[PDB]
């Protein structure tokens, strides 16, 4: 995050803008993105640890920054699958593969987290995704009865729990650096949400 380094290879793909595994839609068509190998994605034993992170990637021709929107299933350790507009900046498009170096960097964003409540969520079971986060989200907990409960991060880039209780939810997020922030999310319905929805958050990870 502050400092980090990875060696590997990039190729390029047209997928990941819609229907990517991390459910980060919609992604603007001009956005520089990448899919990420499973080993590096699940950093620290957390599924989709690096989902929605940003990477600076260096190729033979220069450097660029990409947003991580999708899983790269066949990728070895260190391997990335870039969007054409990113690959173009750091490599020769006449090559189908290039040597790269990359690192998690701070998100080029502004403002606070946004939360996405997956359809089917309720007090009984909920999947909560964090968006617009400056650094990878390693951990998400919510308070219930004076105790802090850990949520499992899923392959689809949402933190899940059961019996979260009623009322608004106090949550806290931990980034890849170990930085902790806290926030409150509106209450979950008694019955599974007919549709997914976003809710504005009020914190951000530190610079």
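Residue numbers count along the first chain shown, from 1.
Across the two stretches, 84-92 and 112-120, the PDB entry reports the greater mean Cα temperature factor for 84-92. Mean CA temperature factor is higher for 141-149 when stretches 171-179 and 141-149 are set side by side in the entry. By the numbers in the PDB entry, the CA B factor is greatest at 163 among 42, 65, 163, 34. Per-chain ranking of the deposited C-alpha B factor places residue 22 in the middle third. In the deposited entry, the Cα temperature factor of residue 75 places it in the middle third of its chain's modelled residues. In this PDB entry, the Cα temperature factor of residue 131 sits in the bottom third of its chain's modelled residues, the lowest group.
Compared with the other modelled residues of the chain, the Cα B-factor recorded for residue 60 ranks in the highest third.
Per the PDB record, residue ranking by Cα B-factor puts residue 28 in the highest third of the chain.
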